[PDB]
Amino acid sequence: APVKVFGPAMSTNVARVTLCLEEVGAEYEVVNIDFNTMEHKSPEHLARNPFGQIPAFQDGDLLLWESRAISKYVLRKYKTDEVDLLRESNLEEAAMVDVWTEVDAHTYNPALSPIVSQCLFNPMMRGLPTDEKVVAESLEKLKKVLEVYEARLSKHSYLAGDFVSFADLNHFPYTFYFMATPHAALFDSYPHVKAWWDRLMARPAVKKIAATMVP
């Protein structure tokens, strides 16, 4: 059997999961879920995710939610010697995958996402005005985060060490949409961070998932 990813393909936390499936060479199917008719809150979907949110995943009789959990089960399940992206076979490396995965979720995303969810995902999706207050602020916040990212990505090819990893792939979905805003040119001031970004956009798995993220 293939395994099943439930949500719209456009969606960032879907793309986390789909990218991980592409990277690892997995048979998979994407089942839409129609926000506009509350399918995410429908009882079918609540049996996948009791909290009524996308994505959900099913591998036969196993039902998972929370894109990061899904992603890790996919990364351990289809692991090869050729494609170890969580590095659990090395403790110290596995730690620096955890750190930078956690940095994305707790530092970077909370400073980047609100600019995406204001320039792009507010008028084009929800038809809601853009808050210059929240934007100017997360933009200042993100310049300082990219200061730390620059330092790191000047010492290492990737966030976790000198190997692509789950830490890096996590950063792709929301950054992809960042790069569709006027603010994308921000990375031009962070040339190490930029080179690392251009590296990720060069991978056959990313080129593919990128193709799935349009209106």
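When you see a residue number, it is the position in the sequence shown, counting from 1.
Student: Using only C-alpha atoms and the B-factors in the entry, which stretch averages higher, 23 to 31 or 164 to 172?
Tutor: Taking the mean C-alpha B-factor of 23 to 31 and of 164 to 172, the larger value falls to 23 to 31.
Student: Mind pulling up the entry and telling me whether 137 to 145 or 116 to 124 has the higher mean Cα temperature factor?
Tutor: Looking at the recorded C-alpha B-factors, 116 to 124 comes out higher on average.
Student: Have a look at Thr101, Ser71, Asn109, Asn90 and flag the one whose Cα has the highest B-factor in the entry.
Tutor: Max CA B-factor in the entry, restricted to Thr101, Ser71, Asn109, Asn90: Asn90.
Student: For the C-alpha B-factor as written in the entry, point me to the maximum among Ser189, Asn49, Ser67, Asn36.
Tutor: The listed residue with the largest C-alpha B-factor is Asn36.
Student: Should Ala94 be placed in the lowest, middle or highest third of its chain by the C-alpha B factor in the entry?
Tutor: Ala94: CA B-factor falls in the middle third of its chain.
Student: Taking only the Cα B-factors deposited for this chain, tell me whether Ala205 sits in the lowest, middle or highest third.
Tutor: Highest third, going by the recorded CA B-factors of the chain.
Student: Ordered by C-alpha B-factor within the chain, which third holds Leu85? Give me lowest, middle or highest, please.
Tutor: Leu85: CA B-factor falls in the middle third of its chain.
Student: Please place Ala151 in the lowest, middle or highest third of its chain by C-alpha B factor as given in the entry.
Tutor: Tercile = lowest for this residue's CA B-factor.
Student: When the deposited Cα B-factors of this chain's modelled residues are ordered and cut into thirds, is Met10 in the lowest, the middle or the highest one?
Tutor: Highest third, going by the recorded CA B-factors of the chain.
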